[PDB]
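Below: entry19.tsv (TSV, C-alpha atoms)
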chain	number	residue	atom	x	y	z
A	1	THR	CA	0.00	0.00	0.00
A	2	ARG	CA	3.06	2.23	0.53
A	3	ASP	CA	5.30	0.86	-2.28
A	4	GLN	CA	4.92	2.87	-5.49
A	5	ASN	CA	8.02	1.43	-7.22
A	6	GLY	CA	6.74	0.47	-10.66
A	7	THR	CA	5.88	1.39	-14.23
A	8	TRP	CA	2.20	2.40	-14.06
A	9	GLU	CA	0.02	2.61	-17.17
A	10	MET	CA	-3.07	4.80	-17.10
A	11	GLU	CA	-6.33	2.91	-17.56
A	12	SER	CA	-9.04	5.53	-16.91
A	13	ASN	CA	-9.40	9.26	-16.19
A	14	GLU	CA	-12.14	11.43	-14.66
A	15	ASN	CA	-13.00	15.16	-14.63
A	16	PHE	CA	-9.79	16.32	-16.32
A	17	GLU	CA	-10.95	19.11	-18.63
A	18	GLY	CA	-12.48	20.79	-15.59
A	19	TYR	CA	-9.22	20.36	-13.68
A	20	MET	CA	-7.29	21.97	-16.54
A	21	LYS	CA	-9.87	24.75	-16.92
A	22	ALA	CA	-9.52	25.50	-13.20
A	23	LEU	CA	-5.73	25.70	-13.66
A	24	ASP	CA	-6.10	28.51	-16.24
A	25	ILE	CA	-5.36	26.43	-19.36
A	26	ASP	CA	-6.88	26.87	-22.77
A	27	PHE	CA	-8.99	24.88	-25.26
A	28	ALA	CA	-6.25	23.47	-27.50
A	29	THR	CA	-3.99	22.26	-24.68
A	30	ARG	CA	-7.10	20.86	-23.00
A	31	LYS	CA	-8.20	19.35	-26.32
A	32	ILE	CA	-4.83	17.62	-26.72
A	33	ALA	CA	-4.50	16.31	-23.16
A	34	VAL	CA	-7.94	14.65	-23.24
A	35	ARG	CA	-6.58	12.39	-26.01
A	36	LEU	CA	-3.43	11.24	-24.17
A	37	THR	CA	-2.61	8.37	-21.82
A	38	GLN	CA	0.14	8.77	-19.24
A	39	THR	CA	2.69	6.27	-17.94
A	40	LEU	CA	4.36	6.82	-14.57
A	41	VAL	CA	7.79	5.35	-13.81
A	42	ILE	CA	8.36	5.66	-10.05
A	43	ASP	CA	11.76	4.87	-8.54
A	44	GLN	CA	11.26	5.03	-4.77
A	45	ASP	CA	14.11	4.51	-2.29
A	46	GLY	CA	12.61	5.05	1.14
A	47	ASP	CA	11.41	8.66	1.21
A	48	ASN	CA	12.94	9.63	-2.16
A	49	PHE	CA	10.68	9.69	-5.24
A	50	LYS	CA	11.61	9.87	-8.93
A	51	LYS	CA	8.60	10.13	-11.25
A	52	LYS	CA	8.49	10.22	-15.07
A	53	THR	CA	5.28	10.83	-17.05
A	54	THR	CA	5.26	9.53	-20.63
A	55	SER	CA	2.36	10.27	-23.00
A	56	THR	CA	1.35	8.27	-26.07
A	57	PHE	CA	-2.27	9.06	-27.13
A	58	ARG	CA	-5.53	7.48	-25.89
A	59	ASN	CA	-5.81	4.08	-27.60
A	60	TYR	CA	-9.38	3.33	-28.74
A	61	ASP	CA	-11.14	-0.01	-28.25
A	62	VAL	CA	-14.28	-1.53	-29.77
A	63	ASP	CA	-15.84	-4.91	-28.94
A	64	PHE	CA	-18.82	-6.42	-30.73
A	65	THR	CA	-20.47	-9.60	-31.98
A	66	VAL	CA	-21.74	-9.87	-35.55
A	67	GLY	CA	-25.54	-9.79	-35.46
A	68	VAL	CA	-25.75	-8.30	-31.95
A	69	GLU	CA	-26.68	-4.62	-31.87
A	70	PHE	CA	-24.36	-2.92	-29.39
A	71	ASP	CA	-23.80	0.56	-27.98
A	72	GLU	CA	-20.78	2.25	-29.59
A	73	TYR	CA	-19.56	5.41	-27.84
A	74	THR	CA	-17.84	7.18	-30.74
A	75	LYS	CA	-15.14	8.98	-28.78
A	76	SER	CA	-11.79	10.16	-30.28
A	77	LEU	CA	-13.99	11.71	-33.02
A	78	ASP	CA	-17.47	12.92	-31.97
A	79	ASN	CA	-18.18	12.05	-28.30
A	80	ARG	CA	-21.58	10.52	-29.13
A	81	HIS	CA	-23.35	7.29	-28.19
A	82	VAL	CA	-24.50	5.20	-31.17
A	83	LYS	CA	-26.14	1.79	-31.49
A	84	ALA	CA	-23.92	-0.29	-33.79
A	85	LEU	CA	-24.89	-3.48	-35.63
A	86	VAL	CA	-22.24	-5.54	-37.43
A	87	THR	CA	-23.26	-8.05	-40.10
A	88	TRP	CA	-21.57	-10.23	-42.71
A	89	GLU	CA	-22.22	-9.29	-46.35
A	90	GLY	CA	-20.20	-11.95	-48.11
A	91	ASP	CA	-16.74	-11.16	-46.78
A	92	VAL	CA	-17.55	-7.45	-46.28
A	93	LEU	CA	-18.15	-6.31	-42.70
A	94	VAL	CA	-21.04	-3.82	-42.87
A	95	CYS	CA	-22.03	-1.61	-39.94
A	96	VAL	CA	-25.02	0.65	-39.23
A	97	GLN	CA	-24.58	3.34	-36.56
A	98	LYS	CA	-27.98	4.34	-35.19
A	99	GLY	CA	-27.66	7.64	-33.34
A	100	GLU	CA	-27.72	11.43	-33.54
A	101	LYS	CA	-26.38	11.40	-37.12
A	102	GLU	CA	-28.37	10.22	-40.13
A	103	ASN	CA	-26.86	7.85	-42.71
A	104	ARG	CA	-24.17	6.88	-40.20
A	105	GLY	CA	-22.31	3.62	-40.72
A	106	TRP	CA	-19.33	2.01	-42.37
A	107	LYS	CA	-18.38	-0.88	-44.63
A	108	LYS	CA	-15.18	-2.92	-44.53
A	109	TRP	CA	-14.02	-5.70	-46.83
A	110	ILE	CA	-10.85	-7.73	-47.39
A	111	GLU	CA	-9.44	-7.89	-50.93
A	112	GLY	CA	-6.43	-10.19	-51.07
A	113	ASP	CA	-3.91	-9.24	-48.37
A	114	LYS	CA	-5.34	-5.74	-47.80
A	115	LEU	CA	-8.24	-4.41	-45.73
A	116	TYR	CA	-10.52	-1.72	-47.18
A	117	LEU	CA	-12.77	0.40	-44.95
A	118	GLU	CA	-15.45	2.77	-46.26
A	119	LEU	CA	-16.85	5.23	-43.69
A	120	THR	CA	-20.23	6.83	-44.44
A	121	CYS	CA	-21.67	9.73	-42.44
A	122	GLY	CA	-24.53	11.75	-43.90
A	123	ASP	CA	-23.34	13.29	-47.15
A	124	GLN	CA	-19.64	12.68	-46.47
A	125	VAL	CA	-18.07	9.33	-47.38
A	126	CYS	CA	-14.60	8.33	-46.15
A	127	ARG	CA	-12.68	5.53	-47.87
A	128	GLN	CA	-9.78	4.00	-45.93
A	129	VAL	CA	-7.16	1.41	-46.91
A	130	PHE	CA	-4.86	-0.37	-44.44
A	131	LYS	CA	-1.61	-2.26	-45.00
A	132	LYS	CA	-0.67	-5.50	-43.26
A	133	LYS	CA	2.25	-5.46	-40.83
B	1	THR	CA	33.29	17.82	-39.63
B	2	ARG	CA	30.63	17.07	-42.26
B	3	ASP	CA	29.38	13.79	-40.71
B	4	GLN	CA	25.84	14.24	-39.39
B	5	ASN	CA	24.95	10.54	-39.83
B	6	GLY	CA	23.16	9.52	-36.63
B	7	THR	CA	19.97	9.16	-34.63
B	8	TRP	CA	19.59	12.53	-32.86
B	9	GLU	CA	17.35	13.06	-29.84
B	10	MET	CA	16.22	16.61	-29.10
B	11	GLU	CA	17.54	18.01	-25.81
B	12	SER	CA	16.68	21.74	-26.01
B	13	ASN	CA	14.61	24.15	-28.16
B	14	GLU	CA	14.37	27.93	-27.73
B	15	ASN	CA	12.35	30.70	-29.43
B	16	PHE	CA	10.08	28.21	-31.23
B	17	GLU	CA	6.62	29.71	-30.80
B	18	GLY	CA	8.09	32.98	-32.08
B	19	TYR	CA	9.54	31.10	-35.04
B	20	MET	CA	6.06	29.74	-35.76
B	21	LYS	CA	4.51	33.18	-35.22
B	22	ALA	CA	6.86	34.51	-37.90
B	23	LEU	CA	5.76	31.63	-40.18
B	24	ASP	CA	2.10	32.72	-40.04
B	25	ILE	CA	0.82	29.93	-37.77
B	26	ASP	CA	-1.99	30.22	-35.28
B	27	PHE	CA	-2.61	29.72	-31.55
B	28	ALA	CA	-3.95	26.15	-31.49
B	29	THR	CA	-1.39	24.70	-33.92
B	30	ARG	CA	1.35	26.44	-31.93
B	31	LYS	CA	-0.11	25.01	-28.70
B	32	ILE	CA	0.41	21.48	-30.05
B	33	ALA	CA	3.99	21.92	-31.25
B	34	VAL	CA	5.19	23.32	-27.91
B	35	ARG	CA	4.39	19.91	-26.36
B	36	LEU	CA	6.34	17.80	-28.87
B	37	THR	CA	9.86	16.38	-28.98
B	38	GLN	CA	11.49	15.47	-32.29
B	39	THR	CA	13.99	12.73	-33.13
B	40	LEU	CA	16.07	13.05	-36.31
B	41	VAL	CA	17.47	10.03	-38.17
B	42	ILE	CA	20.05	11.28	-40.67
B	43	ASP	CA	21.23	8.86	-43.37
B	44	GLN	CA	24.08	10.35	-45.42
B	45	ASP	CA	25.19	8.71	-48.67
B	46	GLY	CA	27.86	10.97	-50.13
B	47	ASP	CA	26.10	14.24	-50.93
B	48	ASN	CA	22.63	12.70	-50.45
B	49	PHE	CA	20.77	13.26	-47.17
B	50	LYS	CA	17.84	11.24	-45.80
B	51	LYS	CA	16.15	12.79	-42.76
B	52	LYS	CA	13.30	11.31	-40.72
B	53	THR	CA	11.51	13.34	-38.04
B	54	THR	CA	9.57	11.37	-35.42
B	55	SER	CA	7.38	13.34	-33.01
B	56	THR	CA	6.39	12.15	-29.54
B	57	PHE	CA	5.11	13.88	-26.42
B	58	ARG	CA	7.60	15.32	-23.96
B	59	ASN	CA	8.25	13.23	-20.87
B	60	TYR	CA	8.34	15.10	-17.56
B	61	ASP	CA	10.46	14.23	-14.53
B	62	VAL	CA	9.96	15.16	-10.87
B	63	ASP	CA	12.16	14.34	-7.87
B	64	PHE	CA	11.27	15.08	-4.26
B	65	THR	CA	11.53	13.81	-0.69
B	66	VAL	CA	8.54	13.61	1.66
B	67	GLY	CA	8.94	16.24	4.37
B	68	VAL	CA	11.28	18.49	2.35
B	69	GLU	CA	9.46	21.48	0.87
B	70	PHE	CA	10.58	21.96	-2.74
B	71	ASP	CA	9.83	24.27	-5.66
B	72	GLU	CA	7.75	22.50	-8.33
B	73	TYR	CA	7.60	24.21	-11.73
B	74	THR	CA	4.51	22.67	-13.38
B	75	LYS	CA	5.90	22.47	-16.91
B	76	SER	CA	3.47	19.62	-17.66
B	77	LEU	CA	0.35	21.64	-16.80
B	78	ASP	CA	0.20	25.45	-16.62
B	79	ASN	CA	3.85	26.58	-16.33
B	80	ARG	CA	3.61	27.85	-12.73
B	81	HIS	CA	5.98	27.93	-9.77
B	82	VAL	CA	4.61	26.31	-6.61
B	83	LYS	CA	6.22	25.44	-3.28
B	84	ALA	CA	5.25	21.79	-2.81
B	85	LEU	CA	5.34	19.76	0.41
B	86	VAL	CA	4.74	16.00	0.39
B	87	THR	CA	3.74	14.23	3.60
B	88	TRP	CA	2.51	10.78	4.58
B	89	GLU	CA	-1.02	10.54	5.98
B	90	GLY	CA	-1.17	6.85	6.83
B	91	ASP	CA	-0.30	5.15	3.54
B	92	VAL	CA	-1.77	7.92	1.35
B	93	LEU	CA	0.82	10.27	-0.16
B	94	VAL	CA	-0.64	13.77	0.32
B	95	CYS	CA	0.81	16.92	-1.25
B	96	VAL	CA	-0.02	20.60	-0.75
B	97	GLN	CA	0.90	23.01	-3.55
B	98	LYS	CA	1.23	26.52	-2.10
B	99	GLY	CA	0.88	29.12	-4.85
B	100	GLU	CA	-1.54	31.31	-6.79
B	101	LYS	CA	-4.28	28.66	-6.54
B	102	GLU	CA	-6.03	27.72	-3.30
B	103	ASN	CA	-6.66	24.10	-2.29
B	104	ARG	CA	-4.17	22.85	-4.88
B	105	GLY	CA	-2.66	19.44	-4.28
B	106	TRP	CA	-2.86	15.73	-4.95
B	107	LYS	CA	-3.14	12.40	-3.14
B	108	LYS	CA	-1.70	9.02	-4.15
B	109	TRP	CA	-2.16	5.55	-2.68
B	110	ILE	CA	-1.52	2.01	-3.89
B	111	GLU	CA	-4.41	-0.46	-3.61
B	112	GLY	CA	-3.46	-3.88	-4.95
B	113	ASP	CA	-2.13	-3.66	-8.51
B	114	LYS	CA	-3.54	-0.19	-9.23
B	115	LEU	CA	-2.39	3.36	-8.50
B	116	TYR	CA	-5.01	5.99	-7.65
B	117	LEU	CA	-4.28	9.70	-8.12
B	118	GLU	CA	-6.71	12.45	-7.11
B	119	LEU	CA	-5.78	15.96	-8.30
B	120	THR	CA	-7.47	18.80	-6.41
B	121	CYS	CA	-7.55	22.48	-7.39
B	122	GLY	CA	-10.23	24.55	-5.69
B	123	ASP	CA	-13.61	22.95	-6.35
B	124	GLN	CA	-12.42	20.71	-9.22
B	125	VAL	CA	-11.11	17.20	-8.51
B	126	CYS	CA	-9.47	15.00	-11.16
B	127	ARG	CA	-9.43	11.23	-10.62
B	128	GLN	CA	-6.85	9.09	-12.42
B	129	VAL	CA	-6.23	5.35	-12.13
B	130	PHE	CA	-3.06	3.56	-13.26
B	131	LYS	CA	-2.38	-0.16	-13.71
B	132	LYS	CA	0.91	-1.85	-12.85
B	133	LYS	CA	2.94	-3.37	-15.67
C	1	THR	CA	-13.02	-16.72	-45.75
C	2	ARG	CA	-13.23	-14.39	-42.71
C	3	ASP	CA	-10.15	-14.15	-40.46
C	4	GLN	CA	-8.80	-10.59	-40.65
C	5	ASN	CA	-7.22	-11.09	-37.22
C	6	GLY	CA	-4.03	-9.09	-37.72
C	7	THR	CA	-2.19	-5.82	-37.12
C	8	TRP	CA	-3.00	-3.22	-39.81
C	9	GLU	CA	-0.99	-0.05	-40.55
C	10	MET	CA	-2.71	2.93	-42.17
C	11	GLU	CA	-1.35	3.56	-45.67
C	12	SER	CA	-3.87	5.69	-47.62
C	13	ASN	CA	-7.45	6.68	-46.69
C	14	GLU	CA	-9.42	9.44	-48.45
C	15	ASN	CA	-11.62	12.41	-47.51
C	16	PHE	CA	-11.02	12.92	-43.77
C	17	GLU	CA	-11.26	16.68	-43.21
C	18	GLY	CA	-14.76	16.73	-44.69
C	19	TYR	CA	-15.78	13.72	-42.60
C	20	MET	CA	-14.45	15.33	-39.41
C	21	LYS	CA	-16.24	18.63	-40.07
C	22	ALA	CA	-19.47	16.68	-40.62
C	23	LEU	CA	-19.06	14.96	-37.23
C	24	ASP	CA	-19.48	18.29	-35.37
C	25	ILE	CA	-15.86	18.79	-34.29
C	26	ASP	CA	-13.23	21.23	-35.50
C	27	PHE	CA	-10.84	24.08	-34.59
C	28	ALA	CA	-8.09	22.55	-32.37
C	29	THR	CA	-9.10	18.89	-32.74
C	30	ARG	CA	-9.43	19.24	-36.52
C	31	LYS	CA	-5.87	20.57	-36.86
C	32	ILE	CA	-4.39	17.61	-34.95
C	33	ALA	CA	-6.27	14.66	-36.49
C	34	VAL	CA	-5.02	15.46	-40.01
C	35	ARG	CA	-1.44	14.69	-38.86
C	36	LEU	CA	-1.92	11.23	-37.30
C	37	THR	CA	-1.67	7.65	-38.57
C	38	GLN	CA	-3.44	4.80	-36.76
C	39	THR	CA	-2.65	1.10	-36.39
C	40	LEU	CA	-5.46	-1.38	-35.70
C	41	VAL	CA	-5.03	-4.68	-33.83
C	42	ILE	CA	-8.00	-6.96	-34.56
C	43	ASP	CA	-8.55	-10.05	-32.38
C	44	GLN	CA	-11.33	-12.16	-33.92
C	45	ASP	CA	-12.60	-15.36	-32.29
C	46	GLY	CA	-15.41	-16.71	-34.46
C	47	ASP	CA	-18.21	-14.14	-34.25
C	48	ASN	CA	-16.59	-12.19	-31.38
C	49	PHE	CA	-14.44	-9.16	-32.21
C	50	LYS	CA	-12.01	-7.24	-29.99
C	51	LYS	CA	-10.50	-4.23	-31.77
C	52	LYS	CA	-7.96	-1.74	-30.44
C	53	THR	CA	-6.85	1.33	-32.41
C	54	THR	CA	-3.60	2.94	-31.24
C	55	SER	CA	-2.46	6.17	-32.90
C	56	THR	CA	0.86	7.96	-33.31
C	57	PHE	CA	2.30	10.86	-35.28
C	58	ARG	CA	2.59	10.51	-39.04
C	59	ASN	CA	6.26	11.66	-39.09
C	60	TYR	CA	7.98	13.62	-41.87
C	61	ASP	CA	10.65	12.42	-44.31
C	62	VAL	CA	12.97	14.55	-46.46
C	63	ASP	CA	15.48	13.55	-49.15
C	64	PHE	CA	17.81	15.98	-50.92
C	65	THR	CA	21.28	16.37	-52.42
C	66	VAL	CA	23.70	19.11	-51.42
C	67	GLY	CA	23.87	21.64	-54.24
C	68	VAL	CA	20.68	20.49	-56.00
C	69	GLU	CA	17.75	22.91	-55.75
C	70	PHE	CA	14.55	21.01	-54.98
C	71	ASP	CA	10.88	21.80	-54.34
C	72	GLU	CA	10.14	21.59	-50.60
C	73	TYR	CA	6.49	21.53	-49.52
C	74	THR	CA	6.87	22.71	-45.93
C	75	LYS	CA	4.16	20.60	-44.24
C	76	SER	CA	4.23	19.94	-40.45
C	77	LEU	CA	4.71	23.73	-40.08
C	78	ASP	CA	2.84	26.14	-42.39
C	79	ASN	CA	2.14	24.18	-45.65
C	80	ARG	CA	4.15	26.38	-48.04
C	81	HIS	CA	6.11	25.63	-51.19
C	82	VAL	CA	9.68	26.92	-51.13
C	83	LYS	CA	12.59	26.37	-53.50
C	84	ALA	CA	15.24	24.94	-51.19
C	85	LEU	CA	18.98	24.77	-51.85
C	86	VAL	CA	21.30	23.15	-49.31
C	87	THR	CA	25.00	24.03	-49.44
C	88	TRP	CA	28.10	23.60	-47.31
C	89	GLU	CA	29.64	26.74	-45.79
C	90	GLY	CA	32.72	25.32	-44.10
C	91	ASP	CA	31.32	22.71	-41.72
C	92	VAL	CA	27.91	24.40	-41.37
C	93	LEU	CA	25.11	22.86	-43.45
C	94	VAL	CA	23.23	25.92	-44.73
C	95	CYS	CA	19.89	25.87	-46.53
C	96	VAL	CA	17.98	28.74	-48.14
C	97	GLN	CA	14.22	28.39	-48.65
C	98	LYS	CA	13.18	30.81	-51.39
C	99	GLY	CA	9.46	31.46	-51.10
C	100	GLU	CA	6.70	33.59	-49.62
C	101	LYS	CA	8.85	34.43	-46.57
C	102	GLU	CA	12.06	36.45	-46.75
C	103	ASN	CA	15.22	35.40	-44.89
C	104	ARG	CA	13.77	31.92	-44.39
C	105	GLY	CA	16.23	29.07	-43.92
C	106	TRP	CA	18.18	26.95	-41.48
C	107	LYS	CA	21.75	26.02	-40.59
C	108	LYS	CA	23.06	22.77	-39.13
C	109	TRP	CA	26.49	21.90	-37.71
C	110	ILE	CA	28.04	19.20	-35.54
C	111	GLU	CA	29.63	20.28	-32.24
C	112	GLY	CA	31.13	17.32	-30.40
C	113	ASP	CA	28.47	14.68	-29.76
C	114	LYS	CA	25.59	17.14	-30.28
C	115	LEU	CA	23.70	18.42	-33.31
C	116	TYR	CA	22.86	22.13	-33.48
C	117	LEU	CA	20.01	23.46	-35.64
C	118	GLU	CA	19.20	27.16	-36.04
C	119	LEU	CA	15.89	27.91	-37.79
C	120	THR	CA	15.61	31.44	-39.21
C	121	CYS	CA	12.46	33.13	-40.54
C	122	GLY	CA	12.62	36.90	-40.86
C	123	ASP	CA	13.58	38.37	-37.49
C	124	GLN	CA	12.86	35.20	-35.47
C	125	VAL	CA	15.56	32.57	-34.89
C	126	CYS	CA	14.85	29.16	-33.36
C	127	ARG	CA	17.73	27.30	-31.69
C	128	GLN	CA	17.53	23.52	-31.29
C	129	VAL	CA	20.14	21.13	-29.89
C	130	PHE	CA	20.11	17.36	-30.43
C	131	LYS	CA	22.13	14.63	-28.71
C	132	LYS	CA	23.40	11.50	-30.45
C	133	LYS	CA	21.97	8.19	-29.28
What is this structure when it is put down as structure tokens?
Amino acid sequence: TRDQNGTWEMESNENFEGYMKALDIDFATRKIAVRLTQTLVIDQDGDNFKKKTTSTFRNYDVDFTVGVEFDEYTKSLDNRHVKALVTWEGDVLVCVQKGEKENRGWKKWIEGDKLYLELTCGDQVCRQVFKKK
Amino acid sequence: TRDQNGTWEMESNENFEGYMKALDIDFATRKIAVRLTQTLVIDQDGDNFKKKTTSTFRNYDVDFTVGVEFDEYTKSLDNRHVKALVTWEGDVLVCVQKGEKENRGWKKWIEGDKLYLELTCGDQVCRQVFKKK
Amino acid sequence: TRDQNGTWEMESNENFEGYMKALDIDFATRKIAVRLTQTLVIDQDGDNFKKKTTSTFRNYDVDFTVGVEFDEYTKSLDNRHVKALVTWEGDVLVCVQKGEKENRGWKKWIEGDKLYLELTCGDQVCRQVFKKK
């Protein structure tokens, strides 16, 4: 309970924009920091502390089952809650995002050794291609 | 010498926001770059140069001893000078940050494999949880 | 058919600024997202998906030959096109960037185990020091 010697990786975070706003800090810097995850390296020898804070952007996670409508909180983009439904269309993974936005969803399909992802939102359509590593 | 071939890690950086202000660049975009550290990989083949610039977030280091009041310059928050005093209250590491802000401090305690950090400034409290790795 | 379980690195993608503006988000956050590349780790077990998207900076690469004037599109700063010519002045690597800004260039020289970089634009000069690793 008193031994902080360790590399610590951040897993959550609460009222942080309010803490930065209370510290007299502006939009941008607040808008960056909300997208970062910190890592604390603490070297403690008795009463002596050495702390290092490393930042590396807020990883984003999504979990779903094909055919099971689930709640997708679309952070790192537009902090909205959307009901997502993933289905198989051949080998193309098609998704509908029921929420505040109309015509919100995406389509993803594998062609050979590459993954193609088409993002649809209203009138704007985003096509994305990924490379295997 | 003319041999710049090497991985170079940035150690300083002066008048850089002013350099961006002269380049016609605005607040926000400047507020990102001031929080970045670059690493240059220089590959020299005769008179041919190959440079790669990798950008990560700046790590911050703090060293203190509980019971010894020290001056903490909050470079990782809102560039302020505070006289900080860290004391043990049971097994909870409590800190008071005497400065321009009232009720400014933090508390840290280890509970199992997780680190809990509460940041207090006036009426705003920021909760952060870290996991051991 | 159907086993995309694998680490994917972003290589192309299409219209992203229009998609981000349509998602009700902009200003600071818009200026950052255009400079990031994501990598997706997909863990698929039958009909169960676990996806994690970790992001980093897109990084900038430059290739040139000393004495050969080339067209430099100055991204990661203020998106301008400058005619750049890099020449040796003793042991100082000097570059002139002919363009919209006057007296715009940089100089680079090795001093011991450190790399020194002075960035000049008009009246503002940015000093940067790198250490070899």
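Nearest to residue 25 of chain A of all the residues B:102, B:47, B:78, B:89 is B:78, counting all atoms listed in the file.
Going from atom CA of residue 18 of chain A over to atom CA of residue 23 of chain C, you cover 23.4 Å.
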- Task: To one decimal in Å, tell me the separation between atom CA of residue 5 of chain C and atom CA of residue 37 of chain C.
- Result: 19.6 Å
- Query: Would you list which chain B residues are within 6 Å of chain A using only C-alpha atoms, as JSON, numbers by chain?
  - Reply: {"B": [28, 57, 59, 60, 61, 62, 63, 64, 65, 66, 91, 110, 111, 124, 126, 127, 128, 129, 130, 131, 132, 133]}
- Message: For residue 94 of chain C, find every residue with an atom within 9 Å (counting only C-alpha atoms), except residues of its own chain fewer than 6 positions away, and show them as a ChimeraX atom specification.
- Response: /C:85-88,105-109
Convert the current residue selection to file output with C-alpha atoms, as a compact mmCIF listing (two decimals), in the coordinates of the input.
# COMPACT_ATOMS: atom_id res chain seq x y z
CA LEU C 85 18.98 24.77 -51.85
CA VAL C 86 21.30 23.15 -49.31
CA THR C 87 25.00 24.03 -49.44
CA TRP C 88 28.10 23.60 -47.31
CA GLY C 105 16.23 29.07 -43.92
CA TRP C 106 18.18 26.95 -41.48
CA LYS C 107 21.75 26.02 -40.59
CA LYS C 108 23.06 22.77 -39.13
CA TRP C 109 26.49 21.90 -37.71
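Residue nearest residue 77 of chain A within the list A:118, A:103, A:93, A:34: A:34 [criterion: smallest interatomic distance, only C-alpha atoms].
Going from atom CA of residue 97 of chain C over to atom CA of residue 72 of chain C, you cover 8.2 Å.
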- Message: Which polymer residues, whether protein, DNA or RNA, lie within 7 Å of the coordinate (13.6, 27.0, -52.3) when you count all atoms listed in the file? List them as an NGL selection string, using the chain letters and numbers from the file.
- Response: :C and (69-72 or 82-85 or 96-99)
Your completed segment 69-80 of chain A with N, CA, C and O atoms, as a PDB file, in the frame of the given file:
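Output saved as result22.pdb:
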ATOM      1  N   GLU A  69     -26.728  -6.074 -31.952  1.00  0.00           N
ATOM      2  CA  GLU A  69     -26.680  -4.620 -31.870  1.00  0.00           C
ATOM      3  C   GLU A  69     -26.088  -4.204 -30.534  1.00  0.00           C
ATOM      4  O   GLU A  69     -26.534  -4.656 -29.476  1.00  0.00           O
ATOM      5  N   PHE A  70     -25.079  -3.338 -30.581  1.00  0.00           N
ATOM      6  CA  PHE A  70     -24.360  -2.920 -29.390  1.00  0.00           C
ATOM      7  C   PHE A  70     -24.242  -1.400 -29.367  1.00  0.00           C
ATOM      8  O   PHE A  70     -24.405  -0.726 -30.387  1.00  0.00           O
ATOM      9  N   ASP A  71     -23.946  -0.873 -28.182  1.00  0.00           N
ATOM     10  CA  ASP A  71     -23.800   0.560 -27.980  1.00  0.00           C
ATOM     11  C   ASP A  71     -22.344   0.960 -28.208  1.00  0.00           C
ATOM     12  O   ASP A  71     -21.454   0.537 -27.461  1.00  0.00           O
ATOM     13  N   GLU A  72     -22.109   1.768 -29.237  1.00  0.00           N
ATOM     14  CA  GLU A  72     -20.780   2.250 -29.590  1.00  0.00           C
ATOM     15  C   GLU A  72     -20.689   3.720 -29.193  1.00  0.00           C
ATOM     16  O   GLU A  72     -21.399   4.561 -29.755  1.00  0.00           O
ATOM     17  N   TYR A  73     -19.816   4.027 -28.236  1.00  0.00           N
ATOM     18  CA  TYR A  73     -19.560   5.410 -27.840  1.00  0.00           C
ATOM     19  C   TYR A  73     -18.429   5.941 -28.710  1.00  0.00           C
ATOM     20  O   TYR A  73     -17.257   5.630 -28.485  1.00  0.00           O
ATOM     21  N   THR A  74     -18.784   6.748 -29.710  1.00  0.00           N
ATOM     22  CA  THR A  74     -17.840   7.180 -30.740  1.00  0.00           C
ATOM     23  C   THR A  74     -16.980   8.328 -30.200  1.00  0.00           C
ATOM     24  O   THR A  74     -17.077   9.480 -30.625  1.00  0.00           O
ATOM     25  N   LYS A  75     -16.111   7.996 -29.244  1.00  0.00           N
ATOM     26  CA  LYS A  75     -15.140   8.980 -28.780  1.00  0.00           C
ATOM     27  C   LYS A  75     -14.101   9.298 -29.849  1.00  0.00           C
ATOM     28  O   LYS A  75     -14.371   9.146 -31.045  1.00  0.00           O
ATOM     29  N   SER A  76     -12.895   9.693 -29.426  1.00  0.00           N
ATOM     30  CA  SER A  76     -11.790  10.160 -30.280  1.00  0.00           C
ATOM     31  C   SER A  76     -12.178  10.799 -31.612  1.00  0.00           C
ATOM     32  O   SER A  76     -11.311  11.040 -32.458  1.00  0.00           O
ATOM     33  N   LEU A  77     -13.466  11.073 -31.816  1.00  0.00           N
ATOM     34  CA  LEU A  77     -13.990  11.710 -33.020  1.00  0.00           C
ATOM     35  C   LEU A  77     -15.092  12.687 -32.633  1.00  0.00           C
ATOM     36  O   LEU A  77     -14.882  13.904 -32.601  1.00  0.00           O
ATOM     37  N   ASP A  78     -16.278  12.146 -32.339  1.00  0.00           N
ATOM     38  CA  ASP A  78     -17.470  12.920 -31.970  1.00  0.00           C
ATOM     39  C   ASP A  78     -18.125  12.207 -30.791  1.00  0.00           C
ATOM     40  O   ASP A  78     -18.998  11.355 -30.974  1.00  0.00           O
ATOM     41  N   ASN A  79     -17.685  12.564 -29.582  1.00  0.00           N
ATOM     42  CA  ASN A  79     -18.180  12.050 -28.300  1.00  0.00           C
ATOM     43  C   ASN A  79     -19.682  11.794 -28.258  1.00  0.00           C
ATOM     44  O   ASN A  79     -20.402  12.438 -27.488  1.00  0.00           O
ATOM     45  N   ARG A  80     -20.170  10.870 -29.084  1.00  0.00           N
ATOM     46  CA  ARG A  80     -21.580  10.520 -29.130  1.00  0.00           C
ATOM     47  C   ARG A  80     -21.768   9.030 -28.882  1.00  0.00           C
ATOM     48  O   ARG A  80     -20.865   8.220 -29.111  1.00  0.00           O
TER      49      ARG A  80
END
